[PDB]
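Coming up is one lone chain in structure tokens, specifically the form deposited in one PDB entry.
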């Protein structure tokens, strides 16, 4: 959950390497995308689109075991100065495509760093940020230019709780090397099913492995599989992903002059060629 990034990594969701801390608990990797315009003018509302696709007609394991669907969520890192557009500066057309999203700032102040989710995946395969570009003209310390944008997006339950304990949307190795004896499956009048496996043989040993209700079983009975071995199966169909992009907080004048100069240049080119032609005609009289 985006807000767990917030609790576990207070100061920022992005490590010096660019990783983004969501990768710490959500260990699968599915693809993720951000689309903004190539350029925006100062002080202008624009649309930043996060994409977080997954096979919609697909289900994941629930915490107790069921088989519900998954939610999506992202952290979007806009450049300094940028922020979510004022409710009132958002045109109807766009308000409608944004939905009931709670853009939530990583920490007080950091309004350009946005957390969002969990939101139901069936509807929010793409999430639309109404963002309002800053104004170099009134904020002396925001400058025109190209800036990075960072995104981390996730769908599906993660693998590790902030407490630090494993979840159930992953696999469970084997406690130690040896042979398998019995596999029981308790069900505490509260704590749902929890198949229990036992090892042993060779150098003593009598350890046990208790595995939550949700993952499969791809183990049989009476086999000697060493310690740390895939005896669970991988339940997880979720995953987390990153994308980066850039946007140019562009100044109209820079463009307007650039145009004027391009026009001067073409004009000047024309004049040279027209000239060449004059010379060609003049040279023609020197042929004879």
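Residue numbers count along the first chain shown, from 1. In this text, the rigid core denotes the largest set of C-alpha atoms whose superposition between the two forms falls within 1.5 Å.
Missing here is the form deposited in another entry; even so, the following discussion is about that form.
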Tell me, with the core superposed, which single residue in 88, 92, 100, 165 has its C-alpha moved by at least 2 Å between this form and the one not shown. 100
Rigid core superposed: residue 143 CA moves 2 Å or more between this form and the one not shown: no
Fitting the rigid core first, would the Cα of residue 258 be found 2 Å or more away between this form and the one not shown? no
Displaced residue check between this form and the one not shown: residue 118, CA, 2 Å or over, core reference: yes
Pair residue 103/residue 98, Cα separation in the other form versus the displayed form, closer or farther by 3 angstroms or more: farther
Taking the shown form as reference, are the C-alpha positions of residue 37 and residue 95 brought closer or pushed farther apart in the other form, with a change of 3 Å or more? closer
